[PDB]
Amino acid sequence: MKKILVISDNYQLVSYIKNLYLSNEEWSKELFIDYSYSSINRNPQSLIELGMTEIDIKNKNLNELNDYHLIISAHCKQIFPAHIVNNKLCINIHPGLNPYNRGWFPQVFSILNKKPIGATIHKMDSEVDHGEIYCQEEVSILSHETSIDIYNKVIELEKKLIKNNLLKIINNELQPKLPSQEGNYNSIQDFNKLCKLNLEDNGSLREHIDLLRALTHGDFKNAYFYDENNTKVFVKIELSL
């Protein structure tokens, strides 16, 4: 048997992994799996409801990780320090098509800059969303779709990748390969610049609809303007066939 550590702050992916273990005898006869959410998760209830434990991977002593054959990050909210990724096999499930729009909310950037979007399972190195790729697949962006629409496709794709590839990766059956290039990276500040709308901006209606749809994601409060009295107004769009 092997011990496996999954660090996730996404209910859907951890639930999915849990369900694969309970329904697949190869998993349950071979693997022990601990699951933890990150200490910086501000709302972890739904994860605590599944019996997960908190972990702070930035302060976790290397020593306490010796048993683990490997570590999986499924939408972990923390950057793994260099010392962790360089001394333990760490594998990340990322909601973007590396190396395009690495970093924050890839589908928001892809709606705007037209680079590929998708899902990627990859080895972690000390950089973000950077290490060698085990599998990935693209998804499309249609004219009517917002962030949340594409994000939902990506999650479904991540589930597919996990189902078809995760056990092979754990069993050293799958061999990864360098990304074709360095790619591009988008930060939280970049997302924040986009959210601060400029009512004076000159552009096509197309460009403005695309900005609003990239920034439309459920109840998240993203895009805003200030009006002539300095009242803050958030803005989202709805597109329907």
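Heads up: residue numbers just count along the shown sequence, starting at 1.
K.L.:
Could you check the entry and say whether 62-70 or 192-200 has the higher mean CA B-factor?
P.N.:
62-70 has the higher mean C-alpha B-factor.
K.L.:
Report the stretch with the higher mean CA temperature factor, choosing between 47-55 and 177-185 on the basis of the entry.
P.N.:
Comparing 47-55 with 177-185, the higher mean C-alpha B-factor belongs to 177-185.
K.L.:
Looking at the C-alpha B-factor values in the deposited entry, which of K153, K159, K168, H144 comes out highest?
P.N.:
By C-alpha B-factor in the record, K168 ranks first.
K.L.:
Using the entry's values, work out which of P81, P106, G131, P116 has the largest Cα B factor.
P.N.:
Highest C-alpha B-factor among the listed residues goes to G131.
K.L.:
Which third of the chain holds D34 when residues are ordered by C-alpha B factor: lowest, middle or highest?
P.N.:
Middle third.
K.L.:
Where does the C-alpha B-factor of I121 rank in its chain, lowest, middle or highest third?
P.N.:
Lowest third, going by the recorded CA B-factors of the chain.
K.L.:
Could you look up the Cα B-factor of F220 in the entry and say which third of the chain it sits in: lowest, middle or highest?
P.N.:
According to the entry, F220 has a C-alpha B-factor in the chain's middle third.
K.L.:
How does the C-alpha B factor of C76 compare with the rest of the chain: lowest, middle or highest third?
P.N.:
CA B-factor rank for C76: highest third.
K.L.:
Going by the recorded CA B-factors, say which third of the chain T231 sits in, lowest, middle or highest.
P.N.:
It falls in the bottom third of the chain.
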